[PDB]
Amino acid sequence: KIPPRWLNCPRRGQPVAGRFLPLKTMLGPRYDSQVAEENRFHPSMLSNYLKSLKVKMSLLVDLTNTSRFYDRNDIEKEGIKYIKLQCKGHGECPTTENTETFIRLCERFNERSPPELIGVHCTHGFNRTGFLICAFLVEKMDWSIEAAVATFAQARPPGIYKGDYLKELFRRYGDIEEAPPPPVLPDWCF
């Protein structure tokens, strides 16, 4: 069955720090009977959009822990590197090991010229996706965690919305006492 709350979720956010493109998961043609034409998001739709802007994606990081949504070959056949990065389950935020894995991978690709984007997606494109992007911005790009979280909230509204995720990012990179409460969600979520 298609994931819950996916149909109304925007396919992509704005790019973050000129490098990361946050996305919800694509769903291949296997789900066409459950998804109306206007709401589809096959992998081809992402690559055709990038081609239309003369933009290349160097790497797509899939944080879903499943291969049931789309065919990784639809990404790889276009010359985009595909990585399935398994993250801590049970609703917990990504571990320090997961974040190191993500940073080790993305640092091999973030400095290409000409510039290319790194796509990042979980099922919906907000919590695991925003957590790992923020961790990279702080650890490798020297942004403050306040700036990272606020930029991700404006690029992919409403941003990270699990309060435990926000608190863990501030415990790791700032002052846990200053972590913001989760945002109030928009009506489309439910």
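Quick note: we count residues from 1 along the sequence shown, nothing fancier.
A.B. asks: Using the B-factors recorded in the PDB entry, average over the C-alpha atoms of 177-185 and of 162-170, then report which stretch comes out higher.
C.D. replies: For C-alpha atoms only, the mean B-factor is higher in 177-185.
A.B. asks: If you average the CA temperature factors over each stretch, which comes out higher, 91-99 or 73-81?
C.D. replies: According to the entry, 91-99 carries the higher average C-alpha B-factor.
A.B. asks: According to the deposited entry, which of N65, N127, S144, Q154 has the largest Cα B-factor?
C.D. replies: Highest C-alpha B-factor among the listed residues goes to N65.
A.B. asks: Could you say which of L46, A36, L53, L59 has its CA atom at the highest B factor, as listed in the PDB entry?
C.D. replies: That would be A36, according to the entry.
A.B. asks: Grab the CA temperature factor for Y31 from the record and place it in the lowest, middle or highest third of its chain.
C.D. replies: Ranked within chain, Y31 CA B lands in the highest tercile.
A.B. asks: Ranking every modelled residue in this chain by its Cα temperature factor as given in the entry, which third contains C9?
C.D. replies: Highest third of the chain for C9's C-alpha B-factor.
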